[PDB]
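Chains as they are written, first to last, in PDB author numbering: chain S, 163 to 216; chain E, 32 to 502, 1375 to 1518; chain G, 485 to 502, 1375 to 1449; chain F, 1397 to 1449.
Positions of the beta carbon are idealized from the N, C-alpha and C atoms, including for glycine.
These notes concern the structure reproduced below.
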Amino acid sequence: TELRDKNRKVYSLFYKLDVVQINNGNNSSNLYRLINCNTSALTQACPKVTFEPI
Amino acid sequence: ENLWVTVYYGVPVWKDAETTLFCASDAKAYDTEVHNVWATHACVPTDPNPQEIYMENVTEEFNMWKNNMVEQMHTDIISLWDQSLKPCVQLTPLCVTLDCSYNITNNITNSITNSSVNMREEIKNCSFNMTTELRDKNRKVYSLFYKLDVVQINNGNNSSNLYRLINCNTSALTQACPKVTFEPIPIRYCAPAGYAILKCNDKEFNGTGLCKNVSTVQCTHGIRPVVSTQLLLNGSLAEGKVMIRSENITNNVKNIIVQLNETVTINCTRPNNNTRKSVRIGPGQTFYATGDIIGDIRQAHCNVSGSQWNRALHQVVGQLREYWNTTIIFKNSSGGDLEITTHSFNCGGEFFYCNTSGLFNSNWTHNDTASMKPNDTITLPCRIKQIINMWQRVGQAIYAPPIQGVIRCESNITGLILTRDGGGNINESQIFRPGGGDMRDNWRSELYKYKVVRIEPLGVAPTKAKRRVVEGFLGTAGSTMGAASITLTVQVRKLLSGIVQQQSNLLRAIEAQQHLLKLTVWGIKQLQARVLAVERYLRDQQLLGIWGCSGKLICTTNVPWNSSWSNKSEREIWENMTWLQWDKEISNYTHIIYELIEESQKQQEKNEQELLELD
Amino acid sequence: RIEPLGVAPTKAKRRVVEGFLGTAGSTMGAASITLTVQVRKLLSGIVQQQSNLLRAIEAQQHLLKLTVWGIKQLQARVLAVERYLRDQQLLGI
Amino acid sequence: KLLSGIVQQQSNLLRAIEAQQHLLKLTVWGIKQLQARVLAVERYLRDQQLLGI
Ligand SMILES: *[C@@H]1O[C@H](CO)[C@@H](O[C@@H]2O[C@H](CO)[C@@H](O[C@@H]3O[C@H](CO[C@H]4O[C@H](CO)[C@@H](O)[C@H](O)[C@@H]4O)[C@@H](O)[C@H](O[C@H]4O[C@H](CO)[C@@H](O)[C@H](O)[C@@H]4O)[C@@H]3O)[C@H](O)[C@H]2NC(C)=O)[C@H](O)[C@H]1NC(C)=O
Ligand SMILES: *[C@@H]1O[C@H](CO)[C@@H](O[C@@H]2O[C@H](CO)[C@@H](O[C@@H]3O[C@H](CO)[C@@H](O)[C@H](O)[C@@H]3O)[C@H](O)[C@H]2NC(C)=O)[C@H](O)[C@H]1NC(C)=O
Ligand SMILES: *[C@@H]1O[C@H](CO)[C@@H](O[C@@H]2O[C@H](CO)[C@@H](O[C@@H]3O[C@H](CO)[C@@H](O)[C@H](O)[C@@H]3O)[C@H](O)[C@H]2NC(C)=O)[C@H](O)[C@H]1NC(C)=O
Ligand SMILES: *[C@@H]1O[C@H](CO[C@@H]2O[C@@H](C)[C@@H](O)[C@@H](O)[C@@H]2O)[C@@H](O[C@@H]2O[C@H](CO)[C@@H](O)[C@H](O)[C@H]2NC(C)=O)[C@H](O)[C@H]1NC(C)=O
Ligand SMILES: *[C@@H]1O[C@H](CO)[C@@H](O[C@@H]2O[C@H](CO)[C@@H](O)[C@H](O)[C@H]2NC(C)=O)[C@H](O)[C@H]1NC(C)=O
Ligand SMILES: *[C@@H]1O[C@H](CO)[C@@H](O[C@@H]2O[C@H](CO)[C@@H](O)[C@H](O)[C@H]2NC(C)=O)[C@H](O)[C@H]1NC(C)=O
Ligand SMILES: *[C@@H]1O[C@H](CO)[C@@H](O[C@@H]2O[C@H](CO)[C@@H](O)[C@H](O)[C@H]2NC(C)=O)[C@H](O)[C@H]1NC(C)=O
Ligand SMILES: *[C@@H]1O[C@H](CO)[C@@H](O)[C@H](O)[C@H]1NC(C)=O
Ligand SMILES: *[C@@H]1O[C@H](CO)[C@@H](O)[C@H](O)[C@H]1NC(C)=O
Ligand SMILES: *[C@@H]1O[C@H](CO)[C@@H](O)[C@H](O)[C@H]1NC(C)=O
Ligand SMILES: *[C@@H]1O[C@H](CO)[C@@H](O)[C@H](O)[C@H]1NC(C)=O
Ligand SMILES: *[C@@H]1O[C@H](CO)[C@@H](O)[C@H](O)[C@H]1NC(C)=O
Ligand SMILES: *[C@@H]1O[C@H](CO)[C@@H](O)[C@H](O)[C@H]1NC(C)=O
Ligand SMILES: *[C@@H]1O[C@H](CO)[C@@H](O)[C@H](O)[C@H]1NC(C)=O
Ligand SMILES: *[C@@H]1O[C@H](CO)[C@@H](O)[C@H](O)[C@H]1NC(C)=O
Ligand SMILES: *[C@@H]1O[C@H](CO)[C@@H](O)[C@H](O)[C@H]1NC(C)=O
Ligand SMILES: *[C@@H]1O[C@H](CO)[C@@H](O)[C@H](O)[C@H]1NC(C)=O
Ligand SMILES: *[C@@H]1O[C@H](CO)[C@@H](O)[C@H](O)[C@H]1NC(C)=O
Ligand SMILES: *[C@@H]1O[C@H](CO)[C@@H](O)[C@H](O)[C@H]1NC(C)=O
Ligand SMILES: *[C@@H]1O[C@H](CO)[C@@H](O)[C@H](O)[C@H]1NC(C)=O
Ligand SMILES: *[C@@H]1O[C@H](CO)[C@@H](O)[C@H](O)[C@H]1NC(C)=O
Ligand SMILES: *[C@@H]1O[C@H](CO)[C@@H](O)[C@H](O)[C@H]1NC(C)=O
Ligand SMILES: *[C@@H]1O[C@H](CO)[C@@H](O)[C@H](O)[C@H]1NC(C)=O
Ligand SMILES: *[C@@H]1O[C@H](CO)[C@@H](O)[C@H](O)[C@H]1NC(C)=O
Ligand SMILES: *[C@@H]1O[C@H](CO)[C@@H](O)[C@H](O)[C@H]1NC(C)=O
Ligand SMILES: *[C@@H]1O[C@H](CO)[C@@H](O)[C@H](O)[C@H]1NC(C)=O
Ligand SMILES: *[C@@H]1O[C@H](CO)[C@@H](O)[C@H](O)[C@H]1NC(C)=O
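Encoded structure:
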């Protein structure tokens, strides 16, 4: 949360390609890591800045 | 008869400038041998004698509100503030939920004064978890904190020793580098070569309009841009008369800029001492919390000498008779931002907000003496805040560290930025109340005299002289054309005094003890201004060399001046134009004259002569 | 690149003591009078510079935001000025 | 050889990077070197201005 120790279980939606299962997930709803997190870091794309050409 | 064009340089010319200023300060600021108390960067120390040359029998316009000085000033101030913010350790792990206790083992909780602040003592002692230097090791430790720093978490029933920082949930927070303080220094802003400052010494001259008593200057008077809302501290007084200005007197929304004639003391004091506790949180990151205070915790109060304030208000309301004889109303700020709701400032780094309590308790409408008789030693409450969003920059906040020792605060008064109420009658009566929203108002209040001015040494004139065909900074010109020919050596020498500015830089990396990189828009744009001034002089010398005029300032012309100009005598041109009205008359044809002197003078040059020679 | 320096042998000898770039497609005598068309704009970097207006910001507010672009532009200005400075020094020599 | 610092500058080749790859990598060294270039040029420029005077 905005507080330091406070944690909240919130829900969202992720793409199918942006994550991959882990922990030898033969058949179950096992956890999922990010495809690029263990390789390198990640940060927000600054949504106010658009990526259109001029 | 023959109107041979003639070019001149180093001629006194004054125009509207838009360039970069350069920070500076007196020698005392740099001899303090501290890394930086709040201006003392590696800025160029002031020249031993910045020339302020008078100039009479001249005229120049002024629009103080349209000046670009305060823009760059607050930009560089915010940049230096960020630079000083960089080395500070962060306070992000401090945002955990805490438990505090209001009533503590101290004697006084209710002082003699009660202004809805005794119950709001803003003094609690609070425990908080902090990580040890090692990763997993943590520990709970206690300190003292105010009520304004946090707010009770309303998610539960009540506070119940549960609080959250007001600024943490909005943005991050870092300390204010306590080795750096927040005290004022006289700041002098110098101009580059080809640019200067123009000061108007006329007292009755208001913030805008025309002025004649000109003074050309290299660096402004040392300004103290003290952070002050609804009041100006340690600013220049309007000698001889109280100055009242505004953007639009008909519009009530515009601020009522004021500059007073005298000053009065303000004893705002926290008598009870302060303490410090440097608790190490991380690998070399330590928070200097406000430890346990010794002695009775007296409520930080303030006092004002209303006797001299009565005389100041008498002189003001004598000055407030703009378009009336007896009608005025004074009111308080009914609400808004905390900077506008109360007179806000800082005193040594702690954000002291000493109240505007007794400001609205006055009405000098019918009998001025009725307000002079009640000599009231105005005791009032004054609060303190640890955090602030400077210039609405809601980012990495700044925490004010302990100020250890009994806290006294004295501050002059030189100007009250009032505002007129729009929700009132127009001519029945006028209401004024304090407003401290825009900080740039207080800064331009002292710059109504100073205005940046450009030097355009180029000059043209028709005379009867012609060459052979082939086949005192800026003064002593109020009305002259012949005197400019005498001063062609001094003005040209002063036109390129930028090397004297660059000589005294002392910017190797650091000046006083130690610094970070700290190289930002200020220094690089100063170097850019140097480069652009040198480029201007280079293009000037290039145009001289193209015309063959690089050997001397006086340079004739082969083409005679056309007859499109309106008829005028040469003596009248020399007596009553001061070199400026003539340039006003040839504004559009100047490019044609440039083209003529550049093309015909060069292409029509024959090669040699052979008939007769010493051989 | 533009190298305005040009040389040619002719009969002209000094006394002894004792339209950006056009208007010459194929010319040597007529090109010997159109020199100023190139020289006037050769040292006219201020023309391109005057339209910057980079006081601090443009729209409301920005951070420091001065990077390889601006400093490389300043360096290009400096070196282009140094080239013509060395040229004019050689001319004076 | 007085104002001939361009000979020293021509070999720099600081386009962005030299050896394999780099970050921005422009600090007190390069900017103060450029400042020294500008000041050394400005000194003799003012000298030549005094000559022309
Ligand atoms: C970090 O946390 C702080 C504290 O929670 C936020 O600061 C403000 O918090 C208040 C309370 O949540 C916000 O709401 C304000 O409520 C005022 C009345 O409070 C009662 O009603 C609210 C529900 O509206 C209850 O939740 C509350 O318990 C009280 O019972 C209103 O008066 C405010 O709006 C009016 O007054 C203001 C001030 O006069 C006017 O400017 C408004 O135009 C309006 O007339 C307000 O609704 C308040 O919004 C929070 N501030 C801001 C700026 O949003 C911080 O916001 C939070 N950080 C972030 C990033 O959100
Ligand atoms: C700064 O000082 C001013 C002036 O005192 C404060 O504004 C208002 O002052 C009046 C004084 O009469 C307060 O009204 C009084 O309140 C008491 C206590 O509730 C009551 O017993 C009286 O009958 C009278 O109504 C008024 O409350 C006060 N305004 C507010 C918003 O409290 C101002 O509060 C002071 N500000 C600070 C930060 O100290
Ligand atoms: C306007 O200018 C005056 C004079 O310059 C400022 O007076 C300053 O007042 C403070 C206390 O109110 C003094 O603080 C003391 O500083 C010494 C420095 O060694 C320190 O040892 C003490 O413990 C104490 O903190 C300060 O010296 C004094 N003079 C200064 C700063 O020159 C006044 O503060 C200015 N107005 C405003 C609004 O800042
Ligand atoms: C926070 O997570 C804990 C642990 O759950 C695991 O970690 C999560 C990030 C997610 O990956 C889950 O699928 C994992 O199972 C949640 O579980 C409780 O945590 C509390 C606090 O430590 C503990 O007292 C309970 O016993 C835990 N209960 C269970 C069933 O694991 C926790 O609920 C999450 N936070 C919130 C606000 O729901
Ligand atoms: C400004 O002055 C007015 C008085 O004209 C104050 O008004 C009082 O405000 C309190 C709020 O605490 C109310 O309880 C009173 O009923 C109000 N009285 C009147 C006559 O309006 C106002 O609080 C003052 N505001 C500030 C910021 O000082
Ligand atoms: C000098 O001024 C005169 C008059 O201002 C110019 O005369 C112009 O002559 C042309 C014919 O070549 C006419 O078409 C114009 O109408 C004339 N001007 C006016 C205002 O009537 C003359 O051209 C100017 N010469 C130079 C070199 O500028
Ligand atoms: C130079 O040309 C400009 C171009 O218009 C002239 O500007 C006009 O001047 C007249 C009076 O001289 C004003 O009534 C107009 O309002 C001006 N134009 C604008 C758009 O404001 C200027 O006067 C010319 N100056 C000279 C000396 O000839
Ligand atoms: C990181 O995760 C991805 C996805 O499984 C894969 O490259 C691999 O498992 C990890 N990388 C390495 C170097 O092990
Ligand atoms: C507070 O101080 C007074 C003297 O000023 C003393 O008589 C009294 O006992 C003190 N009370 C406490 C709780 O310390
Ligand atoms: C304390 O409160 C009373 C009534 O609430 C008020 O009359 C008195 O003026 C207050 N004290 C001060 C110093 O204003
Ligand atoms: C406040 O307390 C009451 C009684 O304990 C409870 O019913 C109510 O839910 C509490 N309010 C909250 C949790 O917001
Ligand atoms: C004009 O400026 C000069 C500056 O030397 C000053 O001596 C003089 O008193 C000023 N006059 C007025 C009327 O302000
Ligand atoms: C300032 O004075 C001039 C006259 O010198 C006047 O025209 C102008 O309106 C005044 N400024 C304001 C804001 O009224
Ligand atoms: C405050 O005003 C007095 C005159 O009343 C003056 O001597 C003093 O220098 C002023 N304080 C400053 C400028 O800090
Ligand atoms: C106070 O102001 C009045 C008018 O504003 C002025 O006449 C007087 O000289 C001032 N007092 C001084 C300068 O001591
Ligand atoms: C001042 O404001 C009034 C209306 O409030 C408007 O009529 C007038 O034109 C304005 N004057 C100036 C100089 O802005
Ligand atoms: C407090 O007021 C008096 C003068 O009215 C005097 O003790 C001193 O000048 C002031 N002290 C301050 C403002 O620190
Ligand atoms: C008045 O001001 C003096 C000077 O700082 C202060 O000691 C005193 O506590 C103030 N309050 C009064 C007299 O009520
Ligand atoms: C303004 O009114 C007062 C009455 O309070 C009077 O003494 C003064 O002479 C008047 N001034 C004018 C009309 O200029
Ligand atoms: C001034 O305010 C007082 C109350 O504070 C009021 O009695 C008086 O009528 C007011 N006078 C004017 C001229 O507004
Ligand atoms: C000031 O008071 C006197 C009586 O003391 C009164 O005659 C006069 O009208 C008052 N002034 C005004 C402007 O009403
Ligand atoms: C206020 O002080 C003045 C001194 O100028 C005195 O004449 C007057 O009687 C005093 N008023 C009160 C109410 O003490
Ligand atoms: C407590 O206050 C006294 C003032 O009498 C001061 O000398 C002392 O340093 C203060 N204690 C601190 C700062 O720990
Ligand atoms: C104010 O203006 C109104 C009309 O707009 C007029 O009737 C009234 O007499 C004016 N006020 C005074 C004091 O004359
Ligand atoms: C101002 O000085 C004299 C006297 O007013 C006047 O004749 C001259 O034209 C003006 N300009 C100067 C001295 O530059
Ligand atoms: C020009 O100025 C001089 C001195 O200021 C004056 O004597 C002369 O009459 C003026 N001539 C004009 C305005 O034609
Ligand atoms: C280019 O060359 C052709 C052929 O020699 C010639 O006719 C033309 O005038 C030249 N100049 C141009 C195209 O500007």
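Could you please give the first and the last residue of the uninterrupted beta strand (DSSP E) stretch that includes residue i?
i, result
"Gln183(S)", "181-183"
"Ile1495(E)", "Taken as a continuous stretch (DSSP letters only), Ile1495(E) belongs to no beta strand (DSSP E), being part of the alpha helix (DSSP H) at 1493-1506."
"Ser246(E)", "245-248"
"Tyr384(E)", "382-385"
"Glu83(E)", "83-86"
"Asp130(E)", "130-132"
Below 7 angstroms CB to CB, which residues in the same chain sit around residue i once its five sequence neighbours on both sides are set aside?
i, result
"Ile1402(G)", "none"
"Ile434(E)", "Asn305, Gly379, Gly380, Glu381"
Based on the DSSP output, what are the partners of residue i in its beta bridges?
i, result
"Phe361(E)", "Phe463(E)"
"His332(E)", "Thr300(E), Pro412(E)"
"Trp35(E)", "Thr494(E), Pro1463(E)"
"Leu196(E)", "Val181(E)"
Excluding the 5 residues preceding and the 5 following residue i in the sequence, name in chain order all residues of the same chain whose CB lies nearer than 6 angstroms to its CB.
i, result
"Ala73(E)", "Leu1410, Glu1414"
"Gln121(E)", "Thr205"
"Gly271(E)", "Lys234"
"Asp407(E)", "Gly337"
"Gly238(E)", "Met95, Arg276, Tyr479"
Quick one: does the C-beta of residue i sit closer than 6 angstroms to a heavy atom of ligand 9?
i, result
"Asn138(E)", "yes"
Provide the residue span of the alpha helix (DSSP H) that contains residue i, from first to last.
i, result
"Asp57(E)", "First-last for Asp57(E): undefined, no H or E at that position."
"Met161(E)", "It is not in any alpha helix (DSSP H) - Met161(E) instead sits in the beta strand (DSSP E) that spans 155-162."
"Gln1416(G)", "Where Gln1416(G) is concerned, there is no enclosing alpha helix (DSSP H), given that its DSSP letter is neither H nor E."
"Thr1459(E)", "That residue, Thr1459(E), is in no alpha helix (DSSP H); it is neither H nor E in DSSP."
"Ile1402(G)", "1401-1406"
At a threshold of 6 angstroms, does residue i count as lining ligand 21 (C-beta to nearest heavy atom)?
i, result
"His397(E)", "yes"
If I measure Cβ to Cβ from residue i and keep anything under 8 angstroms in the same chain, skipping five residues before and after, which residues do I get?
i, result
"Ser277(E)", "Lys285, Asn286, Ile287, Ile288"
Verify the contact flag: residue i, CB atom, against every heavy atom of ligand 6, threshold strictly below 6 angstroms.
i, result
"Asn1465(E)", "yes"
Ligand 20 and residue i: does any heavy atom of the ligand fall closer than 6 angstroms to the residue's C-beta?
i, result
"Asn394(E)", "yes"
Sorry if obvious, but does the Cβ on residue i come closer than 6 angstroms to a heavy atom of ligand 8?
i, result
"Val1437(F)", "no"
Can you determine whether any heavy atom of ligand 12 sits closer than 6 angstroms to the C-beta of residue i, and answer yes or no?
i, result
"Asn304(E)", "no"
Please tell me whether, using a cut-off of 6 angstroms, the distance from the CB of residue i to the nearest non-hydrogen atom of ligand 25 is below it.
i, result
"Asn88(E)", "yes"
What is the chain-ordered set of residues for which the beta carbon lies under 7 angstroms from any non-hydrogen atom of ligand 4? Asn169(S), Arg170(S), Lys171(S), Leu193(S)
Any residue whose CB is nearer than 7 angstroms to a heavy atom belonging to ligand 7, listed in chain order: Taking a cut-off of 7 angstroms from the heavy atoms of ligand 7, the residues with a C-beta inside it are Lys1487(E), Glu1488(E), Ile1489(E), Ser1490(E), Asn1491(E).
For ligand 13, which residues count as neighbours when the test is a C-beta closer than 5 angstroms to any heavy atom? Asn237(E), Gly240(E)
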